[PDB]
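First comes the structure, then the notes that go with it.
There are 2 protein chains.
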Amino acid sequence: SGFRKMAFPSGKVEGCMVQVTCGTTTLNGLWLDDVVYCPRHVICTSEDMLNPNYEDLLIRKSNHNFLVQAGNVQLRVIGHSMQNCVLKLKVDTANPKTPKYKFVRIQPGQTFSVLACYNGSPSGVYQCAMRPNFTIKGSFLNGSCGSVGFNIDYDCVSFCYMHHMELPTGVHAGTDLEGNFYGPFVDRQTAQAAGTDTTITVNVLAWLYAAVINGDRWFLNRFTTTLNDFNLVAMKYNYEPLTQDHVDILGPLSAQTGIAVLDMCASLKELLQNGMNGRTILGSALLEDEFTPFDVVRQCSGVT
Amino acid sequence: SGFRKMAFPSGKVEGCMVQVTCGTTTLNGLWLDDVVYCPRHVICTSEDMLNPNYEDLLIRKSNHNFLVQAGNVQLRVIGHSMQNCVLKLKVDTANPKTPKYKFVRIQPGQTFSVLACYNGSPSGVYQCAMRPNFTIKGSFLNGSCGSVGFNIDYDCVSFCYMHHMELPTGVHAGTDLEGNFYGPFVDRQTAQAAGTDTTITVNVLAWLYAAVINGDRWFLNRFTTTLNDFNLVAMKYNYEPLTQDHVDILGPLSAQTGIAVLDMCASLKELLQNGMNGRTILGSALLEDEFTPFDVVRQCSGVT
Ligand SMILES: Cc1nnc(CN2CCC=C(F)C2)s1
Ligand SMILES: Cc1nnc(CN2CCC=C(F)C2)s1
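Protein chains in written order, with the authors' numbering: chain A, 1 to 304; chain A', 1 to 304. A prime marks a further copy of an entry chain.
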């Protein structure tokens with residue numbers, strides 16, 4: 001029993017973190033096989049960051065200008081290229097700790113673990129969601145750039161996020177491991193405003209199911225609703241619209257609890273309209289939206 | 001910027017988890033040097049658990065009855081002893097992944113990371129606090145017993161917790177790595193009620209400082225208070241009394257923010273008396289008490 005915001009065990013990713021230095025900029029890189037992946041703004045001065053021409057800046061850089069340190073041992077850079085917003089540094093040594101891995105581009109609402117790192121050294125691990133406005137709400141200080149987000153399936157790490165920047169509002173933006181930003185963000189120190197941070201409805205419902213499984217049931221009511229009726233309420237409260245795809249994904253939690261998805265929607269609708277009246281659900285005073293249905297199944301079933 | 005409930009990177013502990021089986025009971029063990037540590041109730045049938053005589057049950061067990069598997073390789077048990085509520089299985093092989101480590105018995109209010117494990121396999125990592133009633137609010141299913149709680153100081157893992165049981169109220173109880181329960185709990189399937197789960201005041205204040213550092217400042221008010229006056233309010237709200245030791249520990253956060261500790265106490269007092277009025281602090285609708293002052297400094301400064 002009990003339900004916690006849980007990160008994947010980070011060991012497989014810890015074994016992949018290195019320090020990258022170019023001139024006087026140090027950040028984190030990800031060493032997989034004989035490639036180190038890092039944010040391309042490693043090549044920028046904070047002056048460069050105001051309006052960088054990355055192709056022009058990169059002309060001035062040779063392999064030997066990229067200092068890559070794995071623990072306290074230097075890696076030899078034998079090649080470098082830019083792919084979108086990441087640099088790929090080819091090194092002469094395959095990372096011996098390379099896990100089975102994939103690169104995935106996640107959808108908004110998907111959760112992942114972040115291994116926050118500084119100078120190639122892991123500091124902590126926490127669980128994030130890709131927000132519907134393609135930001136994440138992380139914990140990143142200066143030097144954390146190149147820290148990565150990941151999911152683990154048994155022994156395979158799916159890397160989905162590399163940290164690139166903080167918006168002036170203190171939310172975070174980054175790329176997949178092909179260097180494509182999530183959302184409309186660019187790796188430039190300029191005005192970039194996030195859109196509406198809507199609530200991930202299907203995740204809230206998953207978490208309500210998790211609550212029922214764990215004995216928090218006070219919010220269950222006598223009502224049901226329809227997708228269309230629920231969606232009018234969702235719109236009013238800046239919740240994402242619920243689709244039949246979302247209902248389908250919640251089917252196993254519906255089956256396990258015997259609470260129809262549309263009944264749980266009606267419970268959520270009343271919570272939106274009435275608030276929590278100073279009560280809590282799984283130790284939260286607000287409706288948690290950073291657990292996916294898959295997360296809830298995993299934690300509630302004990303997958304390793 | 002940003003402030004997250006952050007666990008220590010778990011790799012060093014992942015390398016220590018093994019499966020222990022005795023008869024038909026399987027749970028987790030901790031392999032450090034040539035000793036595997038696990039809950040002594042590994043020797044019990046669920047029938048035994050109602051009123052176990054562990055010394056009498058252990059007489060019937062030989063080294064070869066303890067099956068210890070590290071990944072998919074069996075360890076040879078060459079000795080076994082009971083220390084309090086843990087078994088120590090001497091194996092013929094030192095764990096090659098043994099980190100620098102210590103065993104510490106933590107105080108109520110102290111935070112630590114849990115590596116939830118099943119069959120010796122890590123499933124997830126999350127951040128816990130030892131509650132003032134010596135319970136923790138974890139996420140533990142059947143098979144998670146022997147999962148451990150830890151802090152990391154640079155390269156040294158301080159193990160503080162091993163998971164033993166769930167109370168009928170679905171909160172968790174366990175031992176230090178000398179096998180002494182936190183609190184009055186016993187490893188028996190009997191009525192065991194937790195005492196008052198009071199709020200860890202010094203942790204709430206730390207988290208309020210974290211909020212100010214991260215730009216959440218709406219709750220700062222024009223007032224101050226005294227320890228005695230604050231403590232009358234704390235008592236009323238089932239908060240732990242604040243001592244000058246707690247004020248001393250908050251000194252660096254006071255210094256960094258320029259907010260006197262007693263001023264932040266007066267802010268907390270108003271939040272207790274007035275509630276949040278539907279507002280949030282660091283994305284929470286309730287006052288978070290599972291960050292220590294040391295945690296807040298660490299996360300806000302970026303220690304690795
Ligand atoms: C060199 C650097 N100087 N500042 C940095 C942080 N941010 C600034 C905004 C945009 C990013 F992509 C990187 S990197
Ligand atoms: C064999 C076991 N059968 N049930 C177990 C879980 N709990 C029950 C309560 C008290 C504990 F120490 C262990 S262990």
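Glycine is no exception: its CB is placed at the ideal position from the N, C-alpha and C atoms.
Cβ-Cβ distance between residue i and residue j below 9 angstroms
i: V18(A'); j: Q69(A'); result: yes
i: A210(A); j: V296(A); result: yes
i: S267(A); j: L208(A); result: yes
i: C265(A); j: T199(A); result: no
i: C300(A); j: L30(A'); result: no
i: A94(A); j: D33(A); result: yes
i: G179(A); j: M162(A); result: yes
i: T169(A'); j: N238(A'); result: no
i: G302(A'); j: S144(A); result: yes
i: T111(A'); j: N214(A'); result: no
i: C160(A'); j: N28(A'); result: no
i: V13(A); j: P122(A); result: yes
i: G11(A); j: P9(A'); result: yes
i: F294(A'); j: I249(A'); result: yes
i: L75(A); j: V91(A); result: yes
Through-space distance from residue j to residue i, alpha-carbon basis
i: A7(A'); j: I136(A'); result: 15 angstroms
i: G71(A'); j: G120(A'); result: 8 angstroms
i: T304(A); j: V125(A'); result: 11 angstroms
i: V212(A'); j: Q189(A'); result: 45 angstroms
i: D155(A'); j: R298(A'); result: 15 angstroms
i: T24(A); j: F181(A); result: 24 angstroms
i: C128(A'); j: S1(A); result: 15 angstroms
i: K269(A); j: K100(A'); result: 51 angstroms
i: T257(A'); j: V171(A); result: 21 angstroms
i: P108(A); j: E288(A'); result: 27 angstroms
i: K236(A); j: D263(A); result: 19 angstroms
i: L232(A); j: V42(A); result: 46 angstroms
i: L57(A'); j: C44(A'); result: 8 angstroms
i: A206(A); j: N151(A); result: 18 angstroms
i: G138(A); j: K102(A'); result: 31 angstroms
i: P52(A'); j: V186(A'); result: 11 angstroms
i: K5(A); j: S62(A'); result: 40 angstroms
i: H64(A); j: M49(A); result: 22 angstroms
i: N228(A); j: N274(A); result: 20 angstroms
Partner residues on chain A' for residue i, Cβ-Cβ distance less than 8 angstroms
i: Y54(A); result: Neighbours of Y54(A) on chain A': none; closest Cβ ~25 angstroms, over 8 angstroms.
i: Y126(A); result: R4, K5, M6 and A7
Contact with chain A by residue i, beta-carbon distance below 9 angstroms
i: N214(A'); result: yes
i: residue 379(A'); result: Beyond the ends of chain A' as shown, which are 1 and 304, falls residue 379(A'); an answer cannot be given.
i: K102(A'); result: no
i: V114(A'); result: yes
i: residue 308(A'); result: Coverage of chain A' is limited to positions 1 through 304, which leaves residue 308(A') absent and any answer about it impossible.
i: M276(A'); result: yes
i: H172(A'); result: yes
Contact set between residue i and chain A', taken where Cβ atoms lie within less than 7 angstroms
i: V303(A); result: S123
Neighbour flag for residue i against chain A', beta carbons, 9 angstroms
i: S144(A); result: yes
i: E14(A); result: yes
i: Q244(A); result: no
i: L30(A); result: no
i: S1(A); result: yes
i: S46(A); result: no
i: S139(A); result: yes
i: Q74(A); result: no
i: residue 306(A); result: The structure shown does not extend to residue 306(A), since chain A spans only 1 to 304, so no value can be given for it.
Where residue i meets chain A, residues with beta-carbon distance less than 9 angstroms
i: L286(A'); result: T280, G283, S284, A285 and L286
Cross-chain neighbours of residue i in chain A, by beta carbon under 8 angstroms
i: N119(A'); result: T304
Contact set between residue i and chain A, taken where Cβ atoms lie within less than 7 angstroms
i: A94(A'); result: In chain order: nothing, as chain A lies at least about 19 angstroms away.
Contact list for residue i against chain A', beta-carbon separation under 9 angstroms
i: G11(A); result: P9, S10, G11, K12, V13, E14, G15 and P122
i: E166(A); result: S1 and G2
Legend entry - Inter-stretch contact (C-beta, 8 angstroms, three-pair minimum) for the segment 207-218 of chain A and the segment 272-281 of chain A: yes
Legend entry - Cβ pair count under 8 angstroms reaching 3, the segment 18-29 of chain A' against the segment 228-245 of chain A: no
Inset, instruction - Just jot down, in chain order, the residues whose CB lies closer than 5 angstroms to any heavy atom of ligand 3. - result: The model depicted lacks ligand 3 and carries ligand 1 and ligand 2 instead.
Inset, instruction - Decide if the segment 36-47 of chain A' is in contact with the segment 72-88 of chain A'; the criterion is three or more beta carbon pairs, one per stretch, under 8 angstroms apart. - result: yes
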